[PDB]
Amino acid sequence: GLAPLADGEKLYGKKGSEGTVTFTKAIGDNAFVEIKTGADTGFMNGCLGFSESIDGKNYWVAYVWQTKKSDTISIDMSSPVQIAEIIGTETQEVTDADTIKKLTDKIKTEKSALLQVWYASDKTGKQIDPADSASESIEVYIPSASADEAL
């Protein structure tokens, strides 16, 4: 599961508020970000974002994606790239591989995520503000119970 799936195998998440996406079952090991870029968009990136607590400490965890074209991006939920502890209104990189793995274990059980578009630029390399206006749609799915059975 890192090849995009056929339509009937896509369990789409439902988009809410400050870009929350909510699913009817645990996210599991793979999510897929489907992007239709605007016709003058040269580049975009952003993340799926999670927050978790472990023994009284709070963490923000982000998986970064990017594209230069309409495409489906496979996100491996075992491989976060930004992990930070939120200590009051301050943050601190987490590098401890035990903490990271526990966070990912927990994230694999979550039913929702944050979808954010961070940065976008047009075909001349000039910034598109807000980044959001650079895409025509962004959606997120996970595989169906049936696709997962195929191991």
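Note that residue numbering follows the sequence shown and begins at 1.
Of the two segments, 50-58 and 104-112, the one listed with the higher mean B-factor is 50-58 (C-alpha atoms only). When the two stretches 40-48 and 80-88 are set side by side, the higher mean Cα temperature factor goes to 80-88. Sorting the modelled residues of the chain by their CA temperature factor places residue 13 in the middle third. Annotation for residue 93: C-alpha temperature factor in the highest third relative to the rest of the modelled chain, per the entry. When the CA B factors of the chain's modelled residues are split into thirds, the value for residue 134 lands in the lowest one.
The PDB entry assigns residue 67 a C-alpha temperature factor belonging to the lowest third of its chain's modelled residues. Sorting the modelled residues of the chain by their CA temperature factor places residue 22 in the lowest third.
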